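One chain comes next, on its own, written out as structure tokens in the form deposited without its partner chain.
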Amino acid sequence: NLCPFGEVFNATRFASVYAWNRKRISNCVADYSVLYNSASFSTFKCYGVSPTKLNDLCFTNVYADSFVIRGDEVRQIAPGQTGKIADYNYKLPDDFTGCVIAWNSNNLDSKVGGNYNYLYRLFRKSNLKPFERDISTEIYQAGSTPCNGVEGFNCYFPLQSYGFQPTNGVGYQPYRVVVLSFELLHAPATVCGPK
């Protein structure tokens, strides 16, 4: 009863960061050390737990969130960070307990002419609360004039496309990111390492 980590990490297509994908993991055993042992990931950082301790600990629930962002935006996937991704697309709580994994995905997510399928939120009236997800496409009202669905002066479409080109630099590469959240809830432990 191994946890389907290959379902999320080795999935063919990810979601846009504004509409990131969530998968609930329970009722299985997972060797997290095997995940780090493969060295294909560029970022592997954990908060509240050490990587070796994962196999020696149990949790009520596990949550795997998957999306694609830019390279220099991977630093935004961390507690207390700011920026358009952390404030408008995907926010992590200040007391986050879990891990963040990010790896380069240039050969798959980049296309000649620009890959215009991956989007992100540029404008929003207020910051997202932790783990919230906004997928509305209402015209943003940047000024006093009400837009009323009409895009134009001080009235912008809320989403902007990344446009990944294989020839891009390391900062503007498509990076696939997963976030593992670990939940202890005064309930039975359903996800455990080989302990």
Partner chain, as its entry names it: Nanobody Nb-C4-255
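Heads up, when I say rigid core I mean the largest set of C-alphas that superpose within 1.5 Å between the two forms. Residue numbers count along the first chain shown, from 1. Shifts are known only where both forms have a C-alpha.
message: If you average the CA temperature factors as listed in the entry, which stretch comes out higher, 164-172 or 128-136?
response: Here the higher of the two C-alpha B-factor means belongs to 164-172.
message: Tell me which stretch has the larger mean Cα B-factor in this entry, 41-49 or 144-152.
response: Between 144-152 and 41-49, it is 41-49 that shows the higher mean C-alpha B-factor.
- request: Please pick out which of 159, 69, 62, 29 has the largest Cα B-factor as recorded in the entry.
  value: Highest C-alpha B-factor among the listed options: 29.
message: Per the entry's values, where does residue 111 land by CA temperature factor relative to the rest of its chain, in the lowest, middle or highest third?
response: Its C-alpha B-factor, which the entry lists for residue 111, ranks in the highest third among residues of this chain.
- prompt: Lowest, middle or highest third: where is residue 89 by Cα B-factor in its chain?
  reply: Answer is lowest: the recorded C-alpha B-factor places it there.
- prompt: Going by what the PDB entry lists, where does residue 96 fall on CA B-factor within its chain: lowest, middle or highest third?
  reply: Middle third by C-alpha B-factor.
FYI, the form deposited with its partner chain bound isn't displayed, but the following is about it.
Partner contacts for 78-117, taking its partner chain in the entry with it bound and a 4.5 Å heavy atom cut-off: Sequence-ordered list: 78, 79, 80, 81, 82, 94, 95.
field: Shared-residue segments moving between this form and the one not shown, Cα shift 2 Å or more over 3+ consecutive positions, core-fitted
entry: Run with every C-alpha shifted by at least 2 Å: 184-187, nothing else.
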